[PDB]
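Written below as structure tokens is the structure these notes are about.
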Amino acid sequence: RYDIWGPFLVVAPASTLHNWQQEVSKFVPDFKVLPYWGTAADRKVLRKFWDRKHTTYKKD
DNA sequence: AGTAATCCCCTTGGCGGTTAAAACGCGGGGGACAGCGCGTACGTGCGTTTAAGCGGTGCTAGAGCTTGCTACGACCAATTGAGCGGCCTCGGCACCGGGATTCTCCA
């Protein structure tokens, strides 16, 4: 309706996170998921995608 | 306010391989070590003299202690920017290869 396309946060208990990852992919096939969990080194590699410079995200 | 589950993180342990470093064998060389001769250089004893050590006298510098206060640092609250943690990148240093120069050793 408004092309906001994020950033959206989703904060869950740890047993549930793969359920979100999968059900999000099911309930929208074309909508893009960042799975921010793992060891500190793994999170550092994931954090590269947190763009601060746009407060509203493009579909790209 | 307590005690236990949950979850991060970071250390220890194991498995595989690969290859670079440790172990093993062997000839020979030359350095360790015992042996010899000499000779000069250090320990000994004596006579010499030199001044260190002691008992004693004299002075004043300055170590040590008290008094008095005010200049300087301890303490607190409000302000802010210098310095730290996190992210980025590109250029310095390593690593390789190949031909050029050096050094070593037997002739």
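Naming: A, B, ... by sequence-line order, numbering from 1 per chain.
- Across the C1' atoms, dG81(B) and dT3(B) are found 46 Å apart, a figure rounded to whole Å.
- Listed for the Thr16(A) side chain is no donor-acceptor partner under 3.5 Å among the backbone atoms of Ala12(A).
- One interatomic measurement links the two molecules: CG of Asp42(A) to P of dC10(B), which rounds to 13 Å at whole-angstrom precision.
- Distances shown here put every side-chain N or O of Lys48(A) at or beyond 4.0 Å from the OP1 or OP2 atom of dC87(B).
- Here the nucleotide nearest the side chain of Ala14(A), chosen from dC7(B), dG86(B), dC9(B), is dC7(B).
- A side-chain donor-acceptor contact under 3.5 Å links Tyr57(A) to the backbone of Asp51(A).
- Taking the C1' atom of each, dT79(B) and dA1(B) are spaced 40 Å apart, rounded to whole Å.
- The CZ-P distance, from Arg43(A) to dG85(B), rounds to 18 Å in whole Å.
- In this structure, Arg52(A) reaches neither bases nor backbone, as no heavy-atom distance under 4.0 Å exists between it and the strands shown.
- Listed nucleotides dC9(B), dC87(B), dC7(B) differ in distance to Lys44(A); the shortest reach to its side chain belongs to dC87(B).
- Less than 6.0 angstrom separates the ring centroid of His18(A) from the ring centroid of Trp37(A).
- Taking the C1' atom of each, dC84(B) and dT6(B) are spaced 33 Å apart, rounded to whole Å.
- To the nearest angstrom, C1' of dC7(B) lies 14 Å from NE2 of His18(A).
- Within the 4.5 Å cutoff, side-chain heavy atoms of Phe31(A) are placed close to those of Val24(A).
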